[PDB]
Amino acid sequence: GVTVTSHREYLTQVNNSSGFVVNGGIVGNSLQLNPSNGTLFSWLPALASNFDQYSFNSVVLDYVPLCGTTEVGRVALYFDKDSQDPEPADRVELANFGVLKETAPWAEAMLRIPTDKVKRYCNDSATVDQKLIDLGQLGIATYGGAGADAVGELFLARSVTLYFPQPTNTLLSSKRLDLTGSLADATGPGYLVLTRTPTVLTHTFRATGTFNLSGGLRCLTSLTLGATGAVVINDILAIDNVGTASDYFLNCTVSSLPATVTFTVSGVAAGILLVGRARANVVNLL
Amino acid sequence: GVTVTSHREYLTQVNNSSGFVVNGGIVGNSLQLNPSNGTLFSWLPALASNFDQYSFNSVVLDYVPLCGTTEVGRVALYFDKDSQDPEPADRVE
Amino acid sequence: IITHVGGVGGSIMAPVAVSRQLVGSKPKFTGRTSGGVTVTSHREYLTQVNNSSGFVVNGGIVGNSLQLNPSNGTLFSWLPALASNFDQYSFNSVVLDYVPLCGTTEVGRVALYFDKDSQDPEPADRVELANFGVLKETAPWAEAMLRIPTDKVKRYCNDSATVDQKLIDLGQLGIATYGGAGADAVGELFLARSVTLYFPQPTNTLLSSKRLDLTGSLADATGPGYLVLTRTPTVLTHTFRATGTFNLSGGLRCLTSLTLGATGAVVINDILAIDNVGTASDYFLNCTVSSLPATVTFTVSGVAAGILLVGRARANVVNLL
Amino acid sequence: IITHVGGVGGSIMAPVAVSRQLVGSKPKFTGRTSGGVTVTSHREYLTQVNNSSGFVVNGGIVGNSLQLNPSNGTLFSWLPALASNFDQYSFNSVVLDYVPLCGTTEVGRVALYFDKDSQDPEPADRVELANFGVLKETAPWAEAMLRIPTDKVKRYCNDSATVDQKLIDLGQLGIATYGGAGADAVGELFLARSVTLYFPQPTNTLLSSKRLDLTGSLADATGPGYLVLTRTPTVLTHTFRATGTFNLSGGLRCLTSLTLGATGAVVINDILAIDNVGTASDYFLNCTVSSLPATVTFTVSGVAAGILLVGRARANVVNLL
Amino acid sequence: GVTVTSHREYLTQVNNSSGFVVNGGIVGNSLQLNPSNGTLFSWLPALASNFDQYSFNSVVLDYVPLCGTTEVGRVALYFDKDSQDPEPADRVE
Ligand SMILES: [Ca+2]
Ligand SMILES: [Ca+2]
Ligand SMILES: [Ca+2]
Ligand SMILES: [Ca+2]
Ligand SMILES: [Ca+2]
Ligand SMILES: [Ca+2]
Numbered sequence: 102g103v104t105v106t107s108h109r110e111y112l113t114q115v116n117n118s119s120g121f122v123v124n125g126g127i128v129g130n131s132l133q134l135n136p137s138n139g140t141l142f143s144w145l146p147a148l149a150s151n152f153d154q155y156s157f158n159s160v161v162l163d164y165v166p167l168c169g170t171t172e173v174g175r176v177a178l179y180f181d182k183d184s185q186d187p188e189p190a191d192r193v194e195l196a197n198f199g200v201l202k203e204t205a206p207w208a209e210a211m212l213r214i215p216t217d218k219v220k221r222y223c224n225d226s227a228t229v230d231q232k233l234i235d236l237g238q239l240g241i242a243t244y245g246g247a248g249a250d251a252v253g254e255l256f257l258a259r260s261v262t263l264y265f266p267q268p269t270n271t272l273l274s275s276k277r278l279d280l281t282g283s284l285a286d287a288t289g290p291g292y293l294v295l296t297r298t299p300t301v302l303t304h305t306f307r308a309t310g311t312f313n314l315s316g317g318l319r320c321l322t323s324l325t326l327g328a329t330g331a332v333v334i335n336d337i338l339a340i341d342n343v344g345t346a347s348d349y350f351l352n353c354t355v356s357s358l359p360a361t362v363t364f365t366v367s368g369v370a371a372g373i374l375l376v377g378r379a380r381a382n383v384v385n386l387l
Numbered sequence: 102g103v104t105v106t107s108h109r110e111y112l113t114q115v116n117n118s119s120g121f122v123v124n125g126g127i128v129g130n131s132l133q134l135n136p137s138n139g140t141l142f143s144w145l146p147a148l149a150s151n152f153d154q155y156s157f158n159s160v161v162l163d164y165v166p167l168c169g170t171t172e173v174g175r176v177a178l179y180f181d182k183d184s185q186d187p188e189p190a191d192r193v194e
Numbered sequence: 067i068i069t070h071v072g073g074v075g076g077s078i079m080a081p082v083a084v085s086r087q088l089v090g091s092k093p094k095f096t097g098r099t100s101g102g103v104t105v106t107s108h109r110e111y112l113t114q115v116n117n118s119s120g121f122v123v124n125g126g127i128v129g130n131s132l133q134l135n136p137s138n139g140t141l142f143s144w145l146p147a148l149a150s151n152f153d154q155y156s157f158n159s160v161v162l163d164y165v166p167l168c169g170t171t172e173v174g175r176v177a178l179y180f181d182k183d184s185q186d187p188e189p190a191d192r193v194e195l196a197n198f199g200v201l202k203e204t205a206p207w208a209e210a211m212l213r214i215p216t217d218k219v220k221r222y223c224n225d226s227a228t229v230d231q232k233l234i235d236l237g238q239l240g241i242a243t244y245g246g247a248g249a250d251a252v253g254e255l256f257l258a259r260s261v262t263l264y265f266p267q268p269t270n271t272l273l274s275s276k277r278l279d280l281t282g283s284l285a286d287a288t289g290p291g292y293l294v295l296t297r298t299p300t301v302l303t304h305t306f307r308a309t310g311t312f313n314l315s316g317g318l319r320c321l322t323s324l325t326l327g328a329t330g331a332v333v334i335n336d337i338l339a340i341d342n343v344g345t346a347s348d349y350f351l352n353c354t355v356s357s358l359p360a361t362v363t364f365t366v367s368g369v370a371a372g373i374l375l376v377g378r379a380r381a382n383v384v385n386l387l
Numbered sequence: 067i068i069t070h071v072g073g074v075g076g077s078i079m080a081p082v083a084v085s086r087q088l089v090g091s092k093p094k095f096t097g098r099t100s101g102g103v104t105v106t107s108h109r110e111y112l113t114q115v116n117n118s119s120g121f122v123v124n125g126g127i128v129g130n131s132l133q134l135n136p137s138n139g140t141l142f143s144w145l146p147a148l149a150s151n152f153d154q155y156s157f158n159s160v161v162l163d164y165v166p167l168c169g170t171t172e173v174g175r176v177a178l179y180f181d182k183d184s185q186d187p188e189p190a191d192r193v194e195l196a197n198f199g200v201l202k203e204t205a206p207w208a209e210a211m212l213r214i215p216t217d218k219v220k221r222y223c224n225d226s227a228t229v230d231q232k233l234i235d236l237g238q239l240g241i242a243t244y245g246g247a248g249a250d251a252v253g254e255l256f257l258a259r260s261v262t263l264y265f266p267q268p269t270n271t272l273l274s275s276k277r278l279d280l281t282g283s284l285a286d287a288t289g290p291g292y293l294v295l296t297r298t299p300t301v302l303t304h305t306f307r308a309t310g311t312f313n314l315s316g317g318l319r320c321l322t323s324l325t326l327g328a329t330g331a332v333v334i335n336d337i338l339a340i341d342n343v344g345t346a347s348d349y350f351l352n353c354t355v356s357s358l359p360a361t362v363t364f365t366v367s368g369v370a371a372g373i374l375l376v377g378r379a380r381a382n383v384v385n386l387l
Numbered sequence: 102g103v104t105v106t107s108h109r110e111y112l113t114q115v116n117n118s119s120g121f122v123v124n125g126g127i128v129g130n131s132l133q134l135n136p137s138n139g140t141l142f143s144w145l146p147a148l149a150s151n152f153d154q155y156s157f158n159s160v161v162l163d164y165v166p167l168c169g170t171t172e173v174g175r176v177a178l179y180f181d182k183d184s185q186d187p188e189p190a191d192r193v194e
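Protein chains in written order, with the deposited numbering: chain A, 102 to 387; chain B, 102 to 194; chain C, 67 to 387; chain C', 67 to 387; chain B', 102 to 194. A prime marks a further copy of an entry chain.
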């Protein structure tokens, strides 16, 4: 009952900098090559969630280019064997990696990844030494631009061996904010973080695609639906009761970072939601 | 670029009815083997959802026991090649 | 001989009752003359499966105990103190055995499984239990088996402590019952053993250390783990996972004389109970569990620091004169 | 090769120094497939013979410790926890080994012997040591041996307790030094092992229980014995026989705040110290000995009941938060 | 694209203590073999600093002599497979 997958999943759209940016000019070894990475693998997500040991055979970074032979910059894909080491500081550091590639933005690029066949574990129970379980880290780095616009969209060449199966993990996300607090439970994966600020929520995307959002919260105060970045709102429904708490269902569709959304409200005294990837699917009354 | 799968998925709890009943006495060929059948297959739910053709190699029905040697009845598993023909009316069909 | 009636060759008999007969499992050590290091194969018993109309797993007990590492003092009652002069463990055979005390007329489900992640959490429901790779599904009255997928990786025991219980443990073990009619006993399960002992060391102590934060949750551990010691704002919790005669030593922060309660299988042995009211206090006690649920709890107020130690002990004193 | 001078074939060389080189003793178990019961032969070290101008025996330590039974947690540092899943012991070979750290110019006597009565008392003087059947008499600097007379009688371990320590123990072991010039170190002695394990049992706990009478002397024991806990009318005595990291649990009858002293090789770890003044008290503490003399004592007044328990433990907590 | 290394690095000066001592009576498994251990390995310091996995093939402890045939003591080298177990309490461990 040991399954083998070899597929090609999309991954992110690289914007420029003048300055020196990595995986978003964001931080905390985001990309870790383990499948799941709900953050990295948008497709492999809920297949290996019925399994416990993972092992690759091929993984290749692909870099195509939307921009034109006259942008002015650097893209760069690398590979750290320590799922945990921290990120690229500068020019001289990126370049010293074993498995790196150095391309203009307009020109077309490749990278293949060094796969062992070690019996490595997926993240269902948790494990602080993310290194002894993760295959690698993945980098994408841009310096020397002229503007933080888009030049590149990178893909993921897959080949994975699934092993001992028992219980799909939770393709479904559960995310509690404490009443005044910080943070209640998790189930994840994790596509979203839901913070509050004393007034107002934060729904901060890590994932891309069509989602489905369900939930509401504690306020008292009618909902004004804002969000920021790559975002295609689909269905916003928005019960309130003013005085009390409220509910929101909504259906949106991200293809960027930064995607943000936020609900605007007052007296955010309990935050609850669930998120579990979904189609152009309804989410509103009639 | 294709997958193959061999696992074991639970299906429903057979209760009793002295009458004569068929899938819960629900009707509209529910049990169809296709995967998905979310009604039938609780696990493969999400593999054949990244795919467009399917083809089985083995399918076996497995029937274990909740009741005891003094329960008093008949159970019965069958297979119609027409995903669409209607259900069993009586004993003799 | 046997004449059984209403039977023509090829027919089925569901009898009034069935039973196997179990004997003295007297271990064999094998000398794998290696690094001059040892190998053990013996048969250790494991728990009495009681029923659960509802849906229960190793006793409704939670915090993957069960854990396949030897020691698991929680799991392995004999191997306790050999893999105790050693540092690397590796199995070759482990088989779950399920015999049955009950009779062909109880009405329920038992079920043995195996999770490769010593750490993933437990079975929620019907549809989840069944999806496991290495599972077995038996009525209760009828007789069952399970064999376990053993690698030969060089895995470490819990002598120093290690939060990623997964990268060190071989597997998780489940036993699950739904659909009963009463939470009585139907089954007693055994453990088919075979382990390869390696780099043998100065012998590790088996003593338990368990700190509650002042207002908090949890300070250190050393374990094994027989006990969890929680507080609630007033009052302690000493929640057993283990069975036998223990010895309890410690006291805590309160101010407020100790009232000694406990719950379930329990045979109190020696309760001694210093306090100082205003301040903190101490308790030594000696008790003896043979069940789950065994509970004990101390009753107190303003539980502002919890400390204890537990290290299995005889009918041994624990009180002044 | 070697040219040594002033030597004609047949002559004697008393060198500046001598030394043997000692290695990793990695045990072998043998499978005596019997009642499916085991056999062990490994090499356990035993103590560092220090000198005694005067006339001393296992440290000037008294209460035949030393005792050849396995466990003797006092004597055998590894066999501690195997003959611990078993109930009958029987040796085949036991040999005393005496190597030497010192040099051909120290000035003294060491001496290994063997009393068949686990219980007779100890060597008084010169003329007494020498009269033993199985004795050896070495300067200290020079290298020595002793082999021990083993019967094959079916002898019992100390799991239940037994006052006639003689009818159960194999022998007594002595090491004796007189005529020194200083109580420094010259020797480190080893233990050549070979034991036949028999009727293997549920594994016994190694936990120590030690009661002082109210005004009295002595209440119960369980032992092994690492500790003796005496009182003097004011004040306790906790007199070590054992070395390592322990864990101490208990308190006592006084009235009078605890002042924690101790003496010799000692690394205090956690001293916690409830009192109630007027009444009794409790102490948990965690310490770590590597010597004799290790002493500790609690200082207190009106020591009207003594109770404790001791059961070897790690760098483990033993205090509130 | 991998390296291999075979050199010899000095480690610390063993002094004496009639007591019973372990790495200087410093505590917290200092001597761990991993490279880096800057505390232990003074030279490889800066190769395994351009690398992420390591794997030894030989490791040998070498003990020469500063003192003289009338020094009066015991030295002793060992090896624990648990980078983490605590240190030796006494002679017998
Ligand atoms: Ca898992
Ligand atoms: Ca048909
Ligand atoms: Ca260890
Ligand atoms: Ca799992
Ligand atoms: Ca006995
Ligand atoms: Ca060790």
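Where a beta carbon is used, it is the ideal one built from N, C-alpha and C, also for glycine.
Checklist entry - Of all residues in the structure, which have a C-beta closer than 7 Å to any heavy atom of ligand 4, taken in chain order? => result A:153, A:225, A:267, A:268, C:181, C:182, C:183, C:186
Checklist entry - Given a limit of 7 Å on CB to CB distance, which residues of the stretch 254-269 of chain A reach chain B? => result 266, 269
Checklist entry - Quick one: is the Cβ of residue 264 (chain C') within less than 7 Å of any heavy atom of ligand 5? => result Counting from 1 along the fourth sequence, the entry for residue 264 (chain C') is found at position 198. Residue 264 (chain C') Cβ: outside cutoff for every heavy atom of ligand 5.
Item to check | Secondary structure of residue 139 (chain A), DSSP reduced to three states | outcome: Taking the first sequence and counting its residues from 1, one reaches residue 139 (chain A) at position 38. If DSSP states are grouped into helix, strand and coil, residue 139 (chain A) belongs with coil.
Checklist entry - What does DSSP give as the partner residues of residue 339 (chain C') in its beta bridges? => result Working through the fourth sequence from its first residue, we reach residue 339 (chain C') at position 273. Answer by DSSP bridge pairing, in chain order: C':349.
Item to check | chain C contact residues for residue 222 (chain A), given Cβ-Cβ distances below 7 Å | outcome: Reading the first sequence from its first residue, position 121 is the one you call residue 222 (chain A). The contacting residues are 183, 232.
Checklist entry - Whose C-beta lies closer than 7 Å to the C-beta of residue 368 (chain C) among residues of the same chain, with five residues either side of it excluded? => result For the purposes of this step, residue 368 (chain C) is identified with residue 302 of the third sequence, where counting begins at 1. Same-chain partners within the cutoff: 320, 321, 322.
Next on the checklist: Determine, for residue 229 (chain A), whether the minimum Cβ-Cβ distance to residues of chain C falls below 8 Å.
Outcome noted: On the first sequence, position 128 is the one that residue 229 (chain A) refers to. Interface residue, yes.
Checklist entry - Short check: CB of residue 131 (chain C) to CB of residue 140 (chain C), under 8 Å? => result Here the question's residue 131 (chain C) lines up with position 65 in the third sequence. Here the question's residue 140 (chain C) lines up with position 74 in the third sequence. Yes; because the gap between Cβ atoms is below 8 Å, this pair is in contact.
Checklist entry - For the stretch 136-170 of chain A, which residues have a beta carbon sitting closer than 8 Å to at least one beta carbon of chain B'? => result none
Next on the checklist: Under 7 Å: does the beta carbon of residue 168 (chain B') sit that close to some heavy atom of ligand 3?
Outcome noted: Locating residue 168 (chain B') in the fifth sequence gives position 67, where the first residue counts as 1. Incorrect: residue 168 (chain B') has no Cβ contact closer than 7 Å to ligand 3.
Item to check | Under 8 Å between C-beta atoms of residue 195 (chain C') and residue 179 (chain C') | outcome: Position 129 of the fourth sequence holds residue 195 (chain C'). Position 113 of the fourth sequence holds residue 179 (chain C'). Contact: yes.
Next on the checklist: Can you give me the C-alpha to C-alpha distance between residue 219 (chain C') and residue 260 (chain C'), rounded to a whole angstrom?
Outcome noted: Numbered from its first residue, the fourth sequence carries residue 219 (chain C') at position 153. Numbered from its first residue, the fourth sequence carries residue 260 (chain C') at position 194. Cα to Cα, the separation comes out at about 15 Å.
Next on the checklist: Measuring only the C-alpha atoms, how far is residue 348 (chain C') from residue 316 (chain C)?
Outcome noted: On the fourth sequence, residue 348 (chain C') is found 282 positions in, with the first residue counted as 1. On the third sequence, residue 316 (chain C) is found 250 positions in, with the first residue counted as 1. Taking the straight line from one Cα to the other gives about 9 Å.
Next on the checklist: From the DSSP secondary-structure annotation, give me the bridge partner or partners of residue 163 (chain C).
Outcome noted: Position 97 of the third sequence holds residue 163 (chain C). Its beta-bridge partners are C:211, C:256.
Checklist entry - Run through DSSP, which three-state label would residue 192 (chain B) get? => result One-based indexing of the second sequence puts residue 192 (chain B) at position 91. Residue state, collapsed to three classes: coil.
Next on the checklist: Just to confirm, is the Cβ distance from residue 255 (chain C') to residue 163 (chain C') under 8 Å?
Outcome noted: The residue labelled residue 255 (chain C') in the question sits at position 189 within the fourth sequence. The residue labelled residue 163 (chain C') in the question sits at position 97 within the fourth sequence. Yes, Cβ-Cβ distance for residue 255 (chain C') and residue 163 (chain C') is below 8 Å.
Checklist entry - Does at least one heavy atom of ligand 3 sit under 7 Å from the Cβ of residue 222 (chain C)? => result Numbered from its first residue, the third sequence carries residue 222 (chain C) at position 156. True, at least one ligand heavy atom lies under 7 Å from that Cβ.
Checklist entry - Which residues, in order along the stretch 197-227 of chain C, keep a beta-carbon less than 7 Å from a beta-carbon of chain A? => result 197, 198, 199
Checklist entry - So, does the CB of residue 77 (chain C) fall closer than 8 Å to a CB anywhere in chain C'? => result Numbered from its first residue, the third sequence carries residue 77 (chain C) at position 11. It does not; no Cβ of chain C' falls within 8 Å.
Checklist entry - Is residue 127 (chain B) helix, strand or coil when you go by DSSP? => result As a first step, residue 127 (chain B) is located in the second sequence; it is residue number 26 there, counting from the start. Of the three classes helix, strand and coil, the one that applies to residue 127 (chain B) here is coil, per DSSP.
Checklist entry - Looking at C-beta atoms only, is the number of pairs between the stretch 204-214 of chain A and the stretch 104-111 of chain A that lie closer than 8 Å three or more? => result no
Item to check | Burial state of residue 382 (chain C') (16 or more Cβ within 10 Å) | outcome: As a first step, residue 382 (chain C') is located in the fourth sequence; it is residue number 316 there, counting from the start. When all chains shown are included, residue 382 (chain C') counts as buried.
Next on the checklist: According to DSSP, simplified to helix, strand and coil, what is residue 331 (chain A)?
Outcome noted: Reading the first sequence from its first residue, position 230 is the one you call residue 331 (chain A). Coil.
Checklist entry - Any idea what DSSP makes of residue 234 (chain C'), helix, strand or coil? => result As a position in the fourth sequence, residue 234 (chain C') is number 168, starting the count at 1. It is helical.
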